[PDB]
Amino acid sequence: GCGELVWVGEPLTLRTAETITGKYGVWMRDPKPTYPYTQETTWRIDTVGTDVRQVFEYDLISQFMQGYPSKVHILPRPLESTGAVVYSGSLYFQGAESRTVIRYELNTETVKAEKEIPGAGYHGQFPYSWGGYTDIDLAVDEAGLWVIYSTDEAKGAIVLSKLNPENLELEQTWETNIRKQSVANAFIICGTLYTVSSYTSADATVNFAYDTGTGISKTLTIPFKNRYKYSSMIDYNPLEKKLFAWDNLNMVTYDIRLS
């Protein structure tokens, strides 16, 4: 079940990009897989450049780890940065040079919804500390779909909103006290937002928490290792109960333990 994060394991490298295009990126699985996909289906996006549109899809974990894609989707619009997620059959991603989140149904290659995140900074206003236009970070946890961002009104502090996954309407919004550009990335577990302290250090920590259920903010000191010294993407998968990350060409995963 659910609980507070109390431990992160060592990063395990599952695949390594072979070109500069994959220096940063996002890779993910669907915590609520829908036909024709399964819990093994993996998606990979190498996100260096200004016209990122190729989504690599693998039917099997074995193919993701050793082979070519089983299918490539070409997005109808270029994608921004590393914050995207897959949820219940759709890729949720941010349009380049925009504050728009797009719901792209993977099995039909159809855009089903688009939504400006109200007031969200974009394109280098409130990125995480490494930059990379990481202003807007989607997240899936045990309760469904979220987006992590900030606004002028929040003065750059992390804001997070629960999202309706069908039409992308904002359902509830919380404002933390954590300056988004002062942390390396963030993710949500069991309704609690966690941040990572550094994207370069082998001795980083999960250093802040904000619990949306209680409104309480905490400091933490849970060790977190950036094995390759440049983590551009850190998300949580609530089906696997693992962190998925992209660290300097390497697609890695971390075990976790909850209280």
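We number the residues from 1 along the sequence you see.
Once the C-alpha B-factors are averaged per stretch, 35 to 43 and 209 to 217 rank with 209 to 217 first.
Judged by mean Cα B factor in the deposited record, 114 to 122 ranks above the other of 114 to 122 and 91 to 99. Within the listed group 182, 82, 176, 185, the record reports its top CA B-factor for 176. When the C-alpha B-factors of 50, 63, 197, 231 are read from the PDB record, the largest value belongs to 50. Ranked by C-alpha B-factor against the other modelled residues of its chain, residue 151 falls in the highest third. When the modelled residues of the chain are ordered by their C-alpha B factor, residue 11 lands in the lowest third. Residue 107: CA B factor lies in the highest third for its chain, per the PDB record.
Ranked by C-alpha B-factor against the other modelled residues of its chain, residue 161 falls in the middle third. In the PDB entry, residue 170 places in the highest third of its chain by CA B-factor.
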